[PDB]
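What is reported rests on the model, the rules as stated and the sources as named; no laboratory read-out is quoted. Cβ: placed from backbone, ideal geometry, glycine included. Neighbour counts: every protein chain shown.
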There are 4 protein chains.
Amino acid sequence: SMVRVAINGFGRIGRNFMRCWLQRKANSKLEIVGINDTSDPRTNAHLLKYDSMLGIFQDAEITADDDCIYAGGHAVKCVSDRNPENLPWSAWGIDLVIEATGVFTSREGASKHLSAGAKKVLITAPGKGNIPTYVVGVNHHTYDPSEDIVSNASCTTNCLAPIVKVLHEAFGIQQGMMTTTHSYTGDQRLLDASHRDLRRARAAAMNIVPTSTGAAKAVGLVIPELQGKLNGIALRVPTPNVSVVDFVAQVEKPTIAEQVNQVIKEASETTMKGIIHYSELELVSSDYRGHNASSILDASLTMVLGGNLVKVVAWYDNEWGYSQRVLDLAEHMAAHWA
Amino acid sequence: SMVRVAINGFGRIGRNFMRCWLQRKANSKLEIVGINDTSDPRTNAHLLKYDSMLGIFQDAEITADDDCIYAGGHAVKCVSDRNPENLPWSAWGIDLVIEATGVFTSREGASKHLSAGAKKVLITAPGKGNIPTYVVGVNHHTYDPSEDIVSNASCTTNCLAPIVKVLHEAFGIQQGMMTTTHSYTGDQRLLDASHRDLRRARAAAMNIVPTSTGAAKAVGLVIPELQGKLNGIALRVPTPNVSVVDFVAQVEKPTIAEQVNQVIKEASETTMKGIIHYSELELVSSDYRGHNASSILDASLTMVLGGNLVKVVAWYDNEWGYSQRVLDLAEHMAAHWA
Amino acid sequence: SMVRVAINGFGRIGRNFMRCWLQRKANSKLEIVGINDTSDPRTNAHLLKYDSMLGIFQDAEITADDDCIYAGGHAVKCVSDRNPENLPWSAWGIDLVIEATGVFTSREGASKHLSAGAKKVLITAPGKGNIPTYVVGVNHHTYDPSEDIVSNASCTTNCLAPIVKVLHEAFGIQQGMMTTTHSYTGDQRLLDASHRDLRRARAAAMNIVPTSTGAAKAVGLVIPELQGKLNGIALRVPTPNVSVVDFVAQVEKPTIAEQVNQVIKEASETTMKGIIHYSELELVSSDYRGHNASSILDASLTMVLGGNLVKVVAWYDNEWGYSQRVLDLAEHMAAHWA
Amino acid sequence: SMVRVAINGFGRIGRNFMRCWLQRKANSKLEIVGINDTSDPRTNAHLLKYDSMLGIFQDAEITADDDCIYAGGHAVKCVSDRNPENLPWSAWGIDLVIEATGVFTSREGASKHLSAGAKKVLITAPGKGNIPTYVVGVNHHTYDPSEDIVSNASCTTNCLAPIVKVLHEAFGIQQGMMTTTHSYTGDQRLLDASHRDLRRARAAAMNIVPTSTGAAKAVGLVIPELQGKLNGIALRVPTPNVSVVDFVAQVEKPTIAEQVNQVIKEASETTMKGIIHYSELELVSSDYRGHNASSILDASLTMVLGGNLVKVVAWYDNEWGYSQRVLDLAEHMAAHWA
Ligand SMILES: NC(=O)c1ccc[n+]([C@@H]2O[C@H](COP(=O)([O-])OP(=O)(O)OC[C@H]3O[C@@H](n4cnc5c(N)ncnc54)[C@H](O)[C@@H]3O)[C@@H](O)[C@H]2O)c1
Ligand SMILES: NC(=O)c1ccc[n+]([C@@H]2O[C@H](COP(=O)([O-])OP(=O)(O)OC[C@H]3O[C@@H](n4cnc5c(N)ncnc54)[C@H](O)[C@@H]3O)[C@@H](O)[C@H]2O)c1
Ligand SMILES: NC(=O)c1ccc[n+]([C@@H]2O[C@H](COP(=O)([O-])OP(=O)(O)OC[C@H]3O[C@@H](n4cnc5c(N)ncnc54)[C@H](O)[C@@H]3O)[C@@H](O)[C@H]2O)c1
Ligand SMILES: NC(=O)c1ccc[n+]([C@@H]2O[C@H](COP(=O)([O-])OP(=O)(O)OC[C@H]3O[C@@H](n4cnc5c(N)ncnc54)[C@H](O)[C@@H]3O)[C@@H](O)[C@H]2O)c1
Ligand SMILES: [Mg+2]
Ligand SMILES: [Mg+2]
């Protein structure tokens, strides 16, 4: 039987996730049955079909009326309430809530979905506090079916952690620094406007904007051996999607760039197939739009100095690739619902 | 005895207005004494000083504490309440509110400032109805001191209406179409997101976005004889400030491009000095950042066909030039208080 | 027996044209057999496959060696000589040259291809004089096989001329002004640099840039009755592809917006099918990437004042849609070889 | 007596340099007397006055005729020849050539200026081959007056080397990785077009573009102790000016972020005053336009892991700050002309 899903927050990730599910609907243990959003179903149907980044959805017809979005005849019920406690999850028989609003990342916030009637909550962001965090391909097999609130970490964590895991098991990471040169996101301001983060306050398509990255802390949650050994920052720049992370590690076992690349290549073919992609091509960010991998190693940029200082560089589609992983984590939870 | 001014909404217009006043406060009848905004004074002082468009504010020191923003020893008290009826306008002795939030453009909405204790309200946008509308240099001398709620119209109206007035008196405008190729504004979305306007919902730095312009209706409000005779649209494009309006008019007196430019040039040196600037230079939008005129006629682009089809093109700094006009209108109101 | 085609200048138009032909070569009288360009085949094959605007070419494999580009087993010989008189057109048996460099738009310049051995030349731009100019769907059926050098006009001409033809036959165009809000092109400068046009010299991704449009003169070449009756300008803006043209016409037969849209809609379903698309959707420039029509009327923007002042607005993919028309014109030439 | 200067290549650096000299002309041992460029004096006068990045030059009047650019009455002779061997350096009595074309970075290329009559050549880029390289504040005091061709390195080298010098003398750098997130430059393509570097070929304002950085090699030329111990890459992003370099070093003496910041702060006040600026402010790239320092340490982003892995982040205005340093190096050469 299907696990019935509701999306809370039909934004960039909510809509990417919906389009991921629509293209994989023939193999899914999931049925998306409901949406809660600040907007209305006609507005949300329009944004679902006409996407500046993904192009026009062509696989099936998208329409809407007062109460539902329809995608190839599949009816998705729509509601509009900013307080999750008031949501009709009990009545709709909602099993799993995809929490993609950005404002309910704490256990107390996400739990409002549980008291409204949902069984589990999957937060599409690092969790605030005591929330189990998962990266598919790194630690999702340690998922415990008894856990009712989980986090899928961040886009940068999903790109960096699979690579860090491979490098750590091969060379032993002792300390590591990360910088992600990162597309702007809706958390930033179009023009200078108030924000809790004084740099994210600034005109996003006009500036290089230093800010924090969830990966600085979250990679050590999904690779517990490395807790407290990694740190780094983000630089937001004026592209609308696709990001690249630079990672510099102090390693225990001496190596060279050829060996580093070969270890990641072998992983991308076996243990990390479909999570890591290995590329020797001389591409740029536009070329990785729509890529399904969590991280694409840019093998031409790998450098090693003095044996023990390793630099790798990996691309990721922070909207679509991350959403593919949200879907993967939800399918895993559906398989181990017990 | 100064007119005491509060700013409601310390946004792009609110802060451009503040920097305009700070540069002109030697010959001013206004004293900015308070600010209401969704944010705190330390954040707002940071944004007042560091502006991606205007650059770093040079003239005076800008600091803040929990209570005030300080601009070269001048203290501006701050408060943060979304409901204008709660504002301390009586206790602060506020005379005039600059209503720059974009959300109180109806008479009942702006009148909340009067029940809080202010005497008059100047809305930095077209009013939603039954609110007198003024354009400095076009009809502001019809301002009547008995009007306690007024509108300064929109940026496009302030650029187009001076030129329309000049053209109408010289040639007789029978009909006219406008299109402004317009920088994006905070009303638009950084990435595709819900909006009451399905095109303003779309990623603003990625797209040419057709939408409405206030000038289409408001020019005929400040030039009553042209009521119903003008129409047009806006195309929002991926620049963060400075816009250009294209106006095609059906006129009664047959003319040619050279005479049209002579008529506007003569006016820019006399009746419209400081409102219309006449330019024969081959410049682009960046060169007009910070220009004080309401309208810069690009004379090289003027064209006339068959005597009666006239096309003119004018630049405007929609943030700074408009804010200069807000200040001019507030000074005029302060001069005609009773 | 195919018409053997070489491309001179493997640029944006040259490569869009190639990808157009590759997608249509099943029902084609053309065979692209050669390329001349300033660059080498390995670089040009890379750019043919990896396109920041069109995305990664999907249909066939693209490879290269020192001598050729290979597109799914079809070999395209490559050469690199800036002087067309030296090209191996005789030895390669070239029939038709697609002249897409932008530097041989005069008859003497394009005729260098004939002395190198080609039989006919199709210039992907307005000609510099005494070169017949065609717009598919407007006057291409007047093409005479005796003409060995022809012009496909410009992107803006191909968008505006079909709509002008429809409007002129229905209402009688007396005069008309155009403004295209136009994506930047390779002719412009990335950062301020010398140019024969002092505004195209200015940083293209930073500025709104007024400049000339070929449509101003060329529409009257493909619709001779309108010679001298039309004029206008372009505003280049910081988007990399897709443009929109705004056309205000003085017409003889009084009309209203609803009738104007009905006249264009009826034509888009009959005489202009596949050239004009009629759209009542609320879309933005990104949604028209890859559209095959020459002109997409945005019906919601149509306006009429006083019966005789008509405004219409039409989208066009200036790279891809124009290249589809280049291909259409080359097919037509191939069909009428003698 | 003055050292007479000619600029070869009146581009972004050539014109920034000219404007640097104009603002410091009251203390200079240099007289700019000549310009060679691909363009004409009227075009170059226009670009000198109207700059998309620097704004309109206001300090003095800029005009031109057929032969000269005039800047506040100072006449600069203009010539236009792509081959330096043909330039009139002998006749004009040119002492020093500022070589800013980007195409004469080898000794054999730059020497053509010497055979045309110039005494010395200062290349505004890393030199190709056997050319002494200087960073002001790092090694310019080792300049030998007998050297007739010198290099000022690159923008990134001038930002990174002063910091590396400070950190090395304080903590002992053993190995180090750099990534500069860098504004696009005129070497990149506005839209996808052929380039010797397949990534710089791609649309610059649309992409994150990995490429090489001159600093990877040049920092070890100006700090000879570190030759072969540093490496790194550049990521070009869609901003038109201002860059930021991230530097991760393995150091010998254990430290912490507080100490790293304090060492650079002390340097910025003493040995590196005017080369390094120390900032604790939460700014973004737009805020560093026009900054005169070679590097602005962003102190809030400094991190240290495990004692010996240090990360620092520094801003730089790659056009204006680098040009200030070109001017400084030219003044130094003028002081030690002997
Ligand atoms: N965009 C990315 O690259 C990315 C990648 C990984 C994770 N994330 C995370 O996913 C979450 C969503 O990010 P996004 O980029 O989609 O943002 P977004 O702003 O596009 O989406 C948020 C959506 O939630 C809606 N919303 C806001 N408050 C609500 C409430 N109280 N109730 C219901 N709906 C509400 C908004 O209207 C919007 O549709 C954030 O936590 C973000 O950190 C984003
Ligand atoms: N930006 C322009 O070019 C321009 C030109 C002319 C007129 N306008 C008009 O000026 C007004 C403001 O535009 P802007 O571009 O400065 O927008 P903005 O979003 O930059 O500024 C609005 C400010 O009001 C604050 N705010 C919102 N709701 C509030 C409330 N209930 N109480 C207090 N503060 C609140 C916001 O936090 C923000 O600081 C709008 O009416 C707009 O149409 C804008
Ligand atoms: N880009 C558009 O939207 C568009 C639309 C319609 C028409 N056009 C016209 O198409 C033509 C090409 O425009 P584009 O945008 O593709 O420009 P582009 O700069 O991308 O392409 C020109 C190509 O020609 C090559 N080239 C230059 N000189 C050459 C020579 N002497 N010999 C061989 N190759 C040479 C260049 O390297 C480049 O590959 C121009 O005439 C332009 O006006 C462009
Ligand atoms: N822009 C930066 O951030 C930056 C910073 C440091 C160093 N540089 C270096 O400075 C040099 C110039 O770079 P730019 O950004 O000013 O490039 P640019 O393209 O703006 O300037 C080059 C100038 O030289 C002219 N030119 C080209 N070939 C010529 C020839 N044979 N003879 C005479 N003039 C010729 C061009 O017309 C142009 O005006 C390059 O070597 C670059 O690496 C650039
Ligand atoms: Mg007439
Ligand atoms: Mg009429």
note = Within the range A:130-167, residues being in a helix (DSSP H, G or I) and on the phi > 0 side of the Ramachandran plot number 0
ask   = assigned by CATH to the domain that holds B:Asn241, of a type in the set (A, V, I, L, M) and under 23 Å from A:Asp187 (Cβ atoms): does that describe B:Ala170?
value = no
query = Which ones in the range C:283-308 are buried (at least 18 other Cβ atoms within 10 Å of the Cβ), facing chain B (nearest Cβ under 8 Å) and either away from ligand 3 (no atom under 15 Å from the Cβ) or of a type outside the set (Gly, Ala, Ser) (or both)?
reply = C:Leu283, C:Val284, C:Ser286, C:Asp298, C:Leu301, C:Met303, C:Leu305, C:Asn308
Output for the range D:134-167, where each listed residue is of a type in the set (S, T, N, Q) and either more than 24 Å from D:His336 (Cα to Cα) or crowded, with 22+ Cβ neighbours inside 10 Å (or both) = D:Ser151, D:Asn152, D:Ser154, D:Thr156, D:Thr157, D:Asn158
query = Going by the conditions given, is C:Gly186 within 16 Å of ligand 4 (Cβ to nearest atom) and either among the polar types (S, T, N, Q) or in contact (Cβ under 8 Å) with a residue 24 or more places away in the chain (or both)?
reply = yes
key: Some residue of the range C:318-337 being at negative phi and in a strand (DSSP E or B)   = no
task = Give the range B:168-188 a look and list any residue that's part of a helix (DSSP H, G or I) and either buried (at least 24 other Cβ atoms within 10 Å of the Cβ) or more than 16 Å from ligand 5 (Cβ to nearest atom) (or both), or say none.
result = B:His168, B:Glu169, B:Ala170
note = Scanning the range D:202-228 residue by residue, the ones that are closer than 28 Å to C:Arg12 by Cβ and more than 7 Å from every other protein chain (Cβ to nearest Cβ) total 2
message = Of everything in the range C:81-113, what is out of contact with any helix residue (DSSP H, G or I) (no Cβ under 9 Å at 6 or more places or on another chain), of a type outside the set (D, E, K, R) and farther than 18 Å from C:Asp148 by Cβ? Give them in sequence order.
response = C:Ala91
request  = Just need a number here: residues in the range A:27-38 that are free of Cβ contacts under 8 Å to residues at least 60 places away in the same chain, touching a helix residue (DSSP H, G or I) at 6+ places or on another chain (Cβ under 8 Å) and not in a strand (DSSP E or B).
outcome  = 1
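The rows are residues; the columns are (1) surrounded by fewer than 23 Cβ atoms within 10 Å (Cβ to Cβ); (2) in contact (Cβ under 8 Å) with a residue 40 or more places away in the chain; (3) within 14 Å of D:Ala153 (Cβ to Cβ).
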| residue | (1), (2), (3) |
| --- | --- |
| D:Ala201 | no, no, no |
| D:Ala204 | no, no, no |
| D:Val209 | no, no, no |
| D:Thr213 | no, yes, yes |
| D:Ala216 | yes, no, yes |
| D:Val222 | no, yes, yes |
| D:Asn231 | yes, yes, no |
| D:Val237 | no, yes, no |
message = Given the condition out of contact with any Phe, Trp or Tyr (no Cβ under 9 Å at 6 or more places or on another chain), surrounded by fewer than 18 Cβ atoms within 10 Å (Cβ to Cβ), in a helix (DSSP H, G or I) and not basic (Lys, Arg), answer yes or no: does some residue in the range C:6-26 qualify?
response = yes
request  = For the range D:229-247, name all the residues that are more than 8 Å from chain A (Cβ to nearest Cβ) and more than 18 Å from the chain's Cα centre (by Cα).
outcome  = D:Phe247
message = Please count how many residues of the range B:286-317 are under 30 Å from C:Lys229 (Cβ atoms) and in a helix (DSSP H, G or I).
response = 3
query = Quick one: is B:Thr43 part of a helix (DSSP H, G or I), within 12 Å of chain A (Cβ to nearest Cβ) and of a type outside the set (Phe, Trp, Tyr)?
reply = yes
request  = May I ask you to list the residues in the range A:170-201 that are small (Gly, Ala, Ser), out of contact with any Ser or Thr (no Cβ under 7 Å at 6 or more places or on another chain) and within 11 Å of chain B (Cβ to nearest Cβ)?
outcome  = A:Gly186, A:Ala193
task = Go over the candidates A:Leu281, A:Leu327 one by one and state the one that is in contact with a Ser or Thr (Cβ under 9 Å, 6 or more places away or on another chain), assigned by CATH to the domain that holds A:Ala6, farther than 24 Å from A:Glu169 by Cα and not small (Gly, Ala, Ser).
result = A:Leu327
query = Hey, does the range B:67-75 have a residue that's within 14 Å of chain A (Cβ to nearest Cβ) and more than 13 Å from ligand 2 (Cβ to nearest atom)?
reply = yes
request  = Just need a number here: residues in the range B:243-285 that are part of a loop (DSSP other than H, G, I, E, B) and aliphatic (A, V, I, L, M).
outcome  = 6
key: Any hit, the range C:270-279, residues being polar (S, T, N, Q), more than 16 Å from ligand 3 (Cβ to nearest atom) and touching a strand residue (DSSP E or B) at 6+ places or on another chain (Cβ under 8 Å)   = yes
message = If I filter the range B:83-124 down to residues being in contact with a strand residue (DSSP E or B) (Cβ under 9 Å, 6 or more places away or on another chain) and either within 16 Å of ligand 4 (Cβ to nearest atom) or within 14 Å of chain A (Cβ to nearest Cβ) (or both), which single residue comes out as nearest to B:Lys29 (Cα to Cα)?
response = B:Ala100
Subset of the range A:272-292 [of a type in the set (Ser, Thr, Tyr) and free of Cβ contacts under 8 Å to residues at least 40 places away in the same chain] = A:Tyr278, A:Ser279
